[PDB]
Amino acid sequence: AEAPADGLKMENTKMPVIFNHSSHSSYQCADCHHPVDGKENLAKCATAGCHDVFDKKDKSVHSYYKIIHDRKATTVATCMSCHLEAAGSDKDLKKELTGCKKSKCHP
């Protein structure tokens, strides 16, 4: 399938983020849209039964906060864990890519 246009809003929370597929088009679709039950899975992350727990303290697979903000990952990358690798030791990239505010995720 085809990546959607840029400027997509992730707005399940009071701290929404703009996701641009163009900034991520060197990654395989399934790197984020991981298959579920052996079928292609393009459903929104916080779909009921999926990543639908919004408690930030929740560490279960259902935590919406975890799958985005976890600094470490193994099987599927988080937003954070990949960006921490890309920013690395770099000062400005850490700011743009990994910061909690004044970043490109959370301006």
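Heads up: residue numbers just count along the shown sequence, starting at 1.
Quick check on the record: does 14-22 or 83-91 carry the larger mean Cα temperature factor?
In the deposited entry, the stretch with the higher C-alpha B-factor mean is 83-91.
Based on the deposited C-alpha B factors for this chain, I'd like to know if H69 is in the lowest, middle or highest third.
Answer is middle: the recorded C-alpha B-factor places it there.
Lowest, middle or highest third: where is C32 by Cα B-factor in its chain?
It belongs to the middle third of the chain when residues are ordered by C-alpha B-factor.
Relative to the other modelled residues of the same chain, rank the CA B-factor of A5 and answer lowest, middle or highest third.
Tercile = middle for this residue's CA B-factor.
Hey, what third does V53 fall into on Cα B-factor, ranked over its chain?
Highest third, going by the recorded CA B-factors of the chain.
Within this chain, which third does the Cα B-factor at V61 fall in: lowest, middle or highest?
Its C-alpha B-factor belongs to the highest third of this chain's values.
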